[PDB]
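**Student:** what's the 3D shape of this:
(7 chains)
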Amino acid sequence: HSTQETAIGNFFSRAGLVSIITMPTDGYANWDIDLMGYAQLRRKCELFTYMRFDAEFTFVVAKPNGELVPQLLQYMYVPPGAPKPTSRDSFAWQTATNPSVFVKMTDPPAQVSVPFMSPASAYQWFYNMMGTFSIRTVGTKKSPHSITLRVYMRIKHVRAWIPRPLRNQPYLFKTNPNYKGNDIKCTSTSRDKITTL
Amino acid sequence: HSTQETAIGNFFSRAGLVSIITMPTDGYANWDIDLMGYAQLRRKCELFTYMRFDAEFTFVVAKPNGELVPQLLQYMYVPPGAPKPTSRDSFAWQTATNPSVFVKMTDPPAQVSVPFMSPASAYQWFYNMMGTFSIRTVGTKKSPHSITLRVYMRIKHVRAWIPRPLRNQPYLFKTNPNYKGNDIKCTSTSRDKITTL
Amino acid sequence: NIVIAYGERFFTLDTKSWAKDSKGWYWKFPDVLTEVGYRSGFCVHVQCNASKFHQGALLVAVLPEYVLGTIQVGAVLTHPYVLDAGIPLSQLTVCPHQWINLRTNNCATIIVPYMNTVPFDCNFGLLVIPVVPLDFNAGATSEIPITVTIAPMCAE
Amino acid sequence: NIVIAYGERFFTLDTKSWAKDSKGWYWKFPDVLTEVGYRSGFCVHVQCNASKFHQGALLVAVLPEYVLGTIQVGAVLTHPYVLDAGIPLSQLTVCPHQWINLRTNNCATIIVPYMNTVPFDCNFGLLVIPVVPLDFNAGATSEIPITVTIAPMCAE
Amino acid sequence: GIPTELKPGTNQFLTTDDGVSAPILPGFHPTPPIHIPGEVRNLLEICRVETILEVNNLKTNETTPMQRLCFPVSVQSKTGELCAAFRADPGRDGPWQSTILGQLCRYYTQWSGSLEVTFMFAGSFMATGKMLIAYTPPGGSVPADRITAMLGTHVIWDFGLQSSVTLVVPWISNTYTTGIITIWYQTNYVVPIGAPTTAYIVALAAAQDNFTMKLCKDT
Amino acid sequence: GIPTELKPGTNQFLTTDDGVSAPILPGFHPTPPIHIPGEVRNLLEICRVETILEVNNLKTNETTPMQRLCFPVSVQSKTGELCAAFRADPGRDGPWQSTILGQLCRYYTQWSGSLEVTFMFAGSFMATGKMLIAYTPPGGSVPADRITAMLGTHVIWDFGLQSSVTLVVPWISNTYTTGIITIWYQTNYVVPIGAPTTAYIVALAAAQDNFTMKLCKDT
Amino acid sequence: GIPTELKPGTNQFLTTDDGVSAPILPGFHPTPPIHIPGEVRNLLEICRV
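**Tutor:** Numbers count the residues shown, from 1 in each chain, chains lettered A, B, ... in the order given. Below is the structure:
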C-alpha cells in the first residue's frame, strides 16, 4: 500500500470537540480560541515545534435536551488586538471591524474559516493569540430558553518543523510543561525478571 | 434482450432494512454491523465464498407513531479496533478518531458510505468485523421523546469468487452453518408415483 | 480428461474400502500430508480398481473452505444428502468435479491451484461420495479399493 | 564524522568534571558567549580526554526551544530521565545528536544552522547526558574533563 | 449566487437510487485486490453447469433422501412401457427444485430460453439395452404408448455403446407451457450371469447460452 | 431558474468532510512563509531514527529510572547462558513503549514491515568477548540453550573488534506474532588488571523503509 | 432535475462576504463618470505627505 495515511495533512484531520459552552437563563459568553484545551490535540501538537495552518470552526447549537426553538443568535469573532465585549449591550457588538454571523437554531450550523493570524511565519508552543469568540442572543429582552453549544475545529494545510520527543508525563498547568517532582512514572511497563519473555 | 439484469452488481442492489433500533424513555444504543441479520441477504451472500464491496447506510428516524419532533441526534461510527461507548456521557463520544454526523429529525436522512475495511483482499464467511455504530441524543438532560429508527444498507461495487451450493436448510445459529439432525427435509416436492405427470 | 479448476514426488494415501452401505469420505487439505515424508499447488489423483461385473458411480469434487456442522485416513460422512454442512449433494457440480462411473473409466484427477485472500498463509477439501451404490452378485469381491494419490506443485 | 542539522575564532568554555554520580549539564545558546571576548550559525565541538581503562558513554544533542519546568558554566540537571521538561531521554535521538563512547572515539561536533520563525531576532540548547555512568578501579583518575569549543559562522 | 429552483421530488428517500454519498473515512486507503481465480461476473455462469435433478421424488423416499437422485431400471419390466415422466419447468415445484437453475430463477419472474438434459447410466459393463427419450411440444398431450411418442421429437439411447445422452429442449417461456419428457422402454434389459439385475440412471440438467431472465423478485 | 433536486444527505454535519467554507477575513493577507529547516512531510521520517529502548524494566528500577536504558554484563556469568530476552512488538506494552516507533503506532491500528535493532557496547577498550544475538521466527518457541538458538537466525557479535551490531527483523504484522530476540553468552567476559569488571549495553531500535501503517485511532 | 446537496453553512449571514445580489432597479442607467483630478487609489498616498 501507499504512505498516504501517515501524511501530515491527514494526521490533523477529523475535527473533534474543542469547547463546550453553557448559557443558562448573563446572556453572553467569551471563549478564547486555544488548541490545548483537552488532553487530546496537545500531545499531538507538541510532537513538533513550528506549525503553520488555518482554522475551520462549526457551531452546533441546541437546547440542553435535544429539541430546537426558533431563536436567532450571533457569533462575533474578535480580531487579535481588539477590545472584548464586557456587557450584553456594549458598543463592541456593533463594531464593523469585528466580523459576525447571524444563524438560527433551526439552521444547519455555521462554517467559519479563520486564517493564519500570526505576525511570525509559524506558531510557537515553546518560548500567538489567534483570537477570541463572543456568542450572544439578539434583541433587547431576555430570551426564555437555555442555550448550549459545542465548537468543533478542523486544521487544514498543516506544515510542521523541528520534531520533538513526545510527552509521557501528565500535565499540571496549561502555560508551561511542568511535572510533579514527588514521583517520576516509568514510560514502559515493568516485569519480574529480564529473562522472562 | 441483453444480460444486464443478471449481473453481479444489480443482484445486490435495492437496499433493504438490515436493523431496527428502539430507544424508549438508557439513552444510547450499540448496533454491530452485520449482513446476516435476517433470512434475506444471508442465503444470497452464501452463494459465493469471497466478496469485496463497500457499504452505504441510511438512518430513517422518526417517532413510534409517524410524527417528527425538532430533536438533534448523533450517529457515531466506531472503527474496527476502537473501544465502544459504555455510558451516555463516556469519553468515547468526544474521540476525534471516531467520525460522527449531526442531523435532526426534521432533516432528510443521512447518507454514510463505509469503505472496504478488511485487512485481507476480500471478505470471508466460511473459515472481518466491518464496524459498529453508536446512536445517542445530544445534551446533558434526558430528552422526553421516544426515538426509533431503521437502518437501510446498500452494497456497491460487488465482486464475487468461488460459487457455492445454496443453503436449503433453515438456520439455527448465526456463527456456524448448523442444521437439525432429527429430520432432513427434502429440497424438492414429492408425488405419489414417478409416472404421474 | 484433465480438468483444471476455474481455468487457470507422488504421495499415496491409504486405500478406502467401498462397501455396500458406504456413505462417503472427505479429506482436509493440506492436513493430509503433515506427518508423512506456505503457498503451493496440488495435483490429486483418485482411482479405483473394479471388475467388469460391478456397477456404481462416485462423485469426486473439491470444495474450498468446507466447514462442518454439529448434528490421513479421513472421516466418514454421516448425512451425505446435506454433506454435514447444509448444502445439497445435487448442486455440488458447481465446483470442479469429476464422475467416476464404473462402466467406462476408472481414473479421476483434478488440478487445483492456490486460492486464498492472502497470498502467503486448511484451504480446501475433497469429497468422494457414492451417489449410485455398489451392487454385485454373490461370490464376487465385496470391497472395492479407492486409492488417492496427491502430487504437490510449485511450493513456496 | 561531521553531522549537519537537518541536512542544510574558536571560543573555549570551562571544563566540566565527569564524576561517578554526575547527572548532566546543559548550556543555553547564544547566552554562553555574551560576556567573553542578530543572525548567525554555530559550530560546536565537544571532546573529552580519558584513558583506555575508563568506560562510559555520553549523549550530546542540541535541542531547539528547550524550556524548563518547576519541580558560561552551565547548570546541572536534577532529573535526567525527564530532562526537567517532561520529554524522555530515550527519544532524544530525534534531534541532531552524537554519541561519545569512551571505547572508540573521543570527539563530537555538530553543525547547527540558523532556525527561527523570524529571520532577524535563546534559540537552542546543548544537553550532555551521561547515559552510561563512568566506571574505573581504585588508583585511577576520578574525574574526566569535558571541554566545549564553540565556533560561530556567518554572523549578521 | 446563481438562481436555482426546487423541482417536485426533493427530500425523499428512494431505495434504488445511484447516489454518490460522502465517505466516512476520506484519508483511508483500502487493501489492493490481488488475483483470485474463479471470478463470477454474471449469474449465468452458475446456471450453465450440469447439476443433478431429483426425478424419483416419491413419498417413501422422504426418510432416506439419498435414493431421490437415481431412478431404477430392471429386468422384470416389459417392453413398450413407461419408466418415468417429469415436467420441464424450473420455476414451479417438482423435480427442478433440486438444481441450481431452478433455485436462481426463483429470484426472478420471467425467463425464456433453451435447456438441455443429460442422462448417465451407472450399470454393469456386460449389460446392454435400449431406451427412448421422448419430448412432447408444449400444448400437446402425454403419449399413451411407445408408438405415438416416436412420431414426435425423440432420441434412441442405447447404453451398450454410449453412456450419456443429451436431449435439448428447444424453447420454454413463462409470462400451460409444459415440456414433459417421458422415458420409454424400447427393448428389455438383458444381463448375463453374474451381472446385477437392477441399474440406476442419474439425470442432469443445465441451461444453454440463450437463457435470459429479468424482473428480479425477492422470495 | 435551473431545475434542482435535494438528494438524501443534506443539512447534516460530517466531521471528516473536505468542505471549502467562506473566510472570515477576505481582505486579509497572511504572513508569507520563509525557509525553516527540518520540514517533516510524513510521519515515517520520525519513525526511521534509532532511539533508545528500555530492555531492563525490572521492579527495582522504578525508583531510579536512569538504570532502565542499559543492561549489564559481568565476569561471574558462565558461558552458554542467557542474558536478556524481549518481545518485538511496538504496539503492546513492554520494552517498546520507550521508543518513538512504539509511540506513533499507538495512533494507528494495523502496521506491517521490517525493523532493525542496533546494540552498542560501553565497556573498556582492553576488554574482549563474544555475544550471540539470536532471533526466533514467529510461531516458534524460545530456545533453551545456546545450541538450538544457533540453528536459527543469529549473528555472532564480538566487541573486541567492532562496537555496534545491527540485527534486522524480516517481517512483523498485526491484524501470536512475536519476534523474541535473545542475548546469549558465547564466550565469557575477560578483562585485564585495572579494567572494570562490569560493562553496559545500550539497545537502539528503528524501522526500515517498508514499514507502513493505516487505520488511524485516537488513544 | 439535477441532484444537489446542502453542505453545512447555508442560511447564514456573514458580514464580510462577496455576494452578488439582485439589483433593485434593473432598467436604471447610472450617470457616467467623468475625469475628476486627485484620485486616491490607496491609503498610502495620504500617508506619504
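**Student:** leaving aside the residues next to it on the chain, what's closest to residue A:133?
**Tutor:** residue A:31 (5.0 Å; C-beta to C-beta, 6 or more residues apart in numbering or on different chains). Just so you know, the C-beta spots here come from the backbone N, C-alpha and C atoms, and that holds for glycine as well.
**Student:** from chain C, which residue is nearest to chain A?
**Tutor:** As assessed by C-beta to the nearest C-beta, chain A sits closest to residue C:118 within chain C, at 14.0 Å.
**Student:** that older thread, and the residue nearest to residue A:133, what is it in contact with?
**Tutor:** A:19, A:21, A:132, A:133, A:134, A:135, A:151 (C-beta atoms under 8 Å, 6 or more residues apart in numbering or on different chains).
**Student:** Relative to residue A:92, how far out is the third one?
**Tutor:** From residue A:132 over to residue A:92 the distance is 11 Å, taken as C-beta to C-beta, to the nearest Å.
**Student:** So between these two, which is more surrounded?
**Tutor:** residue A:132 (18 against 15; other C-beta atoms under 10 Å in any protein chain shown).
**Student:** Name the residues linked to that one by a beta bridge.
**Tutor:** Under the criterion DSSP bridges, residue A:132 forms beta bridges with residue A:32, residue A:78.
**Student:** Pretty sure it sits against residue A:84.
**Tutor:** Yes - under the criterion of C-beta atoms under 8 Å, residue A:132 makes contact with residue A:84 at 6.1 Å.
**Student:** Mind listing the shared neighbours of those two?
**Tutor:** With C-beta under 8 Å, 6+ apart, residue A:132 and residue A:84 have common neighbours A:30, A:78.
**Student:** longest strand anywhere in chain E?
**Tutor:** strand E:110-121 (DSSP state E).
**Student:** tell me which strands and helices it is in contact with?
**Tutor:** strand C:97-101, strand E:166-173, strand E:199-207, strand E:212-214 (3 or more C-beta pairs under 8 Å, 6 or more residues apart in numbering or on different chains; DSSP states H and E).
**Student:** rerun that using 6 Å as the cut-off
**Tutor:** The contact analysis (3 or more C-beta pairs under 6 Å, 6 or more residues apart in numbering or on different chains; DSSP states H and E) places strand E:110-121 against strand E:166-173, strand E:199-207.
**Student:** These: which one's closest to residue B:147?
**Tutor:** strand E:199-207 (49.8 Å; C-beta to C-beta).
**Student:** Next, the buried residues of the lengthiest strand in chain A.
**Tutor:** Criterion DSSP E: the longest strand present in chain A is strand A:147-161. For strand A:147-161, the neighbour count (16 or more other C-beta atoms under 10 Å in any protein chain shown) marks A:147-156, A:158-161 as buried.
**Student:** Let me see the contact set for the closest residue to residue A:93 other than its chain neighbours.
**Tutor:** Using C-beta to C-beta, 6+ apart and skipping the chain neighbours, the partner closest in space to residue A:93 is residue A:85 (5.9 Å). Neighbouring residues of residue A:85 by C-beta atoms under 6 Å, 6 or more residues apart in numbering or on different chains: A:92, A:93, A:134.
**Student:** where do the strands sit along the chain?
**Tutor:** As the question left the chain open, I've gone with chain A. A:16-23, A:28-32, A:50-62, A:73-78, A:100-102, A:111-114, A:123-124, A:132-137, A:147-161.
**Student:** Chain E is the one I meant
**Tutor:** Under DSSP E, chain E gives strands at E:4-6, E:22-23, E:39-40, E:51-52, E:71-73, E:82-86, E:110-121, E:131-135, E:153-157, E:166-173, E:181-185, E:199-207, E:212-214.
**Student:** Looking at the helices and strands packed on strand E:110-121, spot the one closest to chain D.
**Tutor:** So among the helices and strands packed on strand E:110-121, strand E:199-207 is nearest, using C-beta to the nearest C-beta, at 66.7 Å.
**Student:** Spatially nearest residue to residue A:177 (excluding sequence neighbours)?
**Tutor:** Closest to residue A:177 by C-beta to C-beta, 6+ apart is residue D:86, at 4.8 Å.
**Student:** Return the set of residues that bridge with residue 154.
**Tutor:** Unless you meant another one, I'm taking chain A. Applying DSSP bridges, one finds that residue A:154 bridges with residue A:56.
**Student:** try chain E instead
**Tutor:** Residue E:154 has these beta-bridge partners by DSSP bridges: residue E:134.
**Student:** Helix or strand for the nearest residue to residue C:95 once chain neighbours are set aside, just tell me which one.
**Tutor:** Using C-beta to C-beta, 6+ apart and skipping the chain neighbours, the partner closest in space to residue C:95 is residue C:61 (5.0 Å). In this assignment (DSSP states H and E), residue C:61 forms part of strand C:55-64.
**Student:** Give me the sheet partners of that strand and which way each runs.
**Tutor:** Strand C:55-64 is paired, per DSSP bridges, with strand C:97-101 (antiparallel), strand C:124-135 (antiparallel).
**Student:** just wondering, since we're on the closest residue to chain F within chain E, how far is it from residue F:26?
**Tutor:** For chain E, the residue closest to chain F is residue E:10, as judged by C-beta to the nearest C-beta, at 3.5 Å. Distance check for residue E:10 against residue F:26: by C-beta to C-beta, it reads 32 Å.
**Student:** Between the two, which has more neighbouring residues?
**Tutor:** residue E:10 (16 against 12).
**Student:** who's the nearest residue to the more buried one once chain neighbours are set aside bridged to?
**Tutor:** Closest residue in space to residue E:10, ignoring its immediate chain neighbours: residue F:6 at 3.5 Å, by C-beta to C-beta, 6+ apart. Going by DSSP bridges, residue F:6 is paired in beta bridges with residue G:4.
**Student:** My guess is residue F:6 contacts residue E:11. True?
**Tutor:** Yes - counting by C-beta atoms under 6 Å, residue E:11 is a contact partner of residue F:6 at 5.2 Å.
**Student:** Common neighbours of the two, please.
**Tutor:** Listed as contacting both residue F:6 and residue E:11 by C-beta under 6 Å, 6+ apart is no residue at all.
**Student:** Of the strands of chain A, which is nearest residue B:108?
**Tutor:** It is, among the strands of chain A and with distance given as C-beta to C-beta, strand A:50-62, at 17.9 Å.
**Student:** Return the list of helices and strands in contact with that closest one.
**Tutor:** strand A:111-114, strand A:147-161.
**Student:** Dump the shortest one to CSV, keeping only the CA atoms.
**Tutor:** Output in CSV follows, covering the C-alpha atoms of strand A:111-114 (Å, rounded to 0.1, in the frame of the first residue of the first chain):
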residue,chain,number,x,y,z
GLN,A,111,-18.9,27.2,8.8
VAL,A,112,-16.3,29.8,9.6
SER,A,113,-12.7,29.6,8.4
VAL,A,114,-10.1,31.5,10.4
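**Student:** Which elements pack onto it?
**Tutor:** On a contact count with 3+ C-beta pairs under 6 Å, 6+ apart, strand A:111-114 meets strand A:50-62.
**Student:** The strand it packs on: which residues count as buried?
**Tutor:** So, applying 16+ other C-beta under 10 Å, buried residues of strand A:50-62: A:50-62.
**Student:** ok, now which ones touch the residue in chain C positioned nearest to chain G?
**Tutor:** Residue nearest to chain G within chain C: residue C:117 (35.5 Å; C-beta to the nearest C-beta). By C-beta under 6 Å, 6+ apart, the contact list for residue C:117 reads B:120, B:121, B:122.
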